[PDB]
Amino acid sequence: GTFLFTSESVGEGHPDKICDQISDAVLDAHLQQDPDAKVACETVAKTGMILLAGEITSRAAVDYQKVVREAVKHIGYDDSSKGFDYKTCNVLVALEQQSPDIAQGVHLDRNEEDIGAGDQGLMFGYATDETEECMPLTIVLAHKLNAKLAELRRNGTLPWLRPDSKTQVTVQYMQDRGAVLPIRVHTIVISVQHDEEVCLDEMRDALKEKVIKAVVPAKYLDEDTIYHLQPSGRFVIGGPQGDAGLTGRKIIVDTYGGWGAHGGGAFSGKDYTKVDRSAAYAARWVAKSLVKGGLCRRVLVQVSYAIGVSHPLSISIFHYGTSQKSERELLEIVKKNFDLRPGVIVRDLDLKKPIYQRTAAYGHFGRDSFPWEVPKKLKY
């Protein structure tokens, strides 16, 4: 019954993640002034460049240069020695209003509760009782390794660190009637951008002793655990200079690390009417409510929409064999307890609040008791 499973995560300065965080900084800036802003902000990053491209209709007055540069500053790209600098990079803007054809079909002259979905699409929610926060251990550990690197960079413990990083964790699990039980960590990868002066051995020793041991419980690590630390051997060039980044290119890091499923939609840079985000958050809320409600140990929820239509077109449940109730019965419980119209999700999950930049690194789920992480008490 033993098997392996692998998940990855990336740091705040990974170029795709920079784009997600800037897209969400833009969204938050609009929502602080206009809770009903319609935002579809894509970000592209390459050497010396942040480009914003997309569609925004809003009553807010947003200074894009300031918002972009402040987000890059927070990430830590503040000097040409690091490969990118918020003070001196190019910020280019290609933003137009939302298509009036989309606006008239989705929200114009619609009662909020009855607003149409902002697009068609499919979305999934997942939860697993293997951790208290109901997330896969593989991705929780991968996120925490990136967070630890940023913590040691910011407190000056390891001043050779730069903001761009990636981690990957392979866990060996056992299973019991579809539930999964972590046994040990089989393999860890860490790659992180660094300065020109630190040597490989110093970095590898610090990554094992100050990063991995500070995050992964010793009970999961043994003589057979495989460590791939700075496996490329050199990572001085990094950030957008090493690799072009785009918004919505880390959708699996944003969600379940390979577990569960994904409908394809990106979260960052989108207001609640874009069901790629709101319905995925609601589906996480449903899945976590079923697991914390004791109805199943693990569960996957699919939902889908048509542009301009409020009610979902389909809802489906997969319990991996971890419920005594059938998937049909669980689906009936979901339909009796949840209303997944976007105009209802916005109220239940408070989705006009400008907390989106906080979601754009380290995963959107299993952290900070955001509304979609607080289970709903189920009646049946």
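The first residue of the sequence shown is number 1, and the count goes up from there.
Visitor: Mind pulling up the entry and telling me whether 22-30 or 316-324 has the higher mean Cα temperature factor?
Guide: On average, C-alpha B-factors are higher across 316-324.
Visitor: Highest mean C-alpha temperature factor of the two stretches 243-251 and 129-137, which is it?
Guide: Going by the record's values, the stretch with the higher mean is 129-137.
Visitor: Among 159, 269, 118, 264, where is the Cα temperature factor highest, going by the PDB entry?
Guide: Among 159, 269, 118, 264, the highest C-alpha B-factor in the entry belongs to 159.
Visitor: Reading the B-factor column of the entry, which of 306, 123, 180, 147 has the highest value at its C-alpha atom?
Guide: In this record, 180 carries the highest C-alpha B-factor of the candidates.
Visitor: Within this chain's modelled residues, let me know which third the CA B factor of residue 173 belongs to: lowest, middle or highest.
Guide: Its C-alpha B-factor belongs to the highest third of this chain's values.
Visitor: Could you say whether, by C-alpha temperature factor, residue 143 belongs to the lowest, middle or highest third of its chain?
Guide: Tercile = lowest for this residue's CA B-factor.
Visitor: Give the position of residue 353 by CA B-factor within its chain, expressed as the lowest, middle or highest third.
Guide: Highest third of the chain for residue 353's C-alpha B-factor.
Visitor: Among all modelled residues of this chain, ranked by Cα B factor, put residue 310 in the bottom, middle or top third, i.e. lowest, middle or highest.
Guide: As the PDB entry reports it, the C-alpha B-factor of residue 310 lands in the middle third of its chain.
Visitor: Taking the values exactly as deposited, rank residue 227 by C-alpha B-factor within its chain and report the matching third: lowest, middle or highest.
Guide: Middle third - that is where residue 227 ends up once the chain's C-alpha B-factors are sorted.
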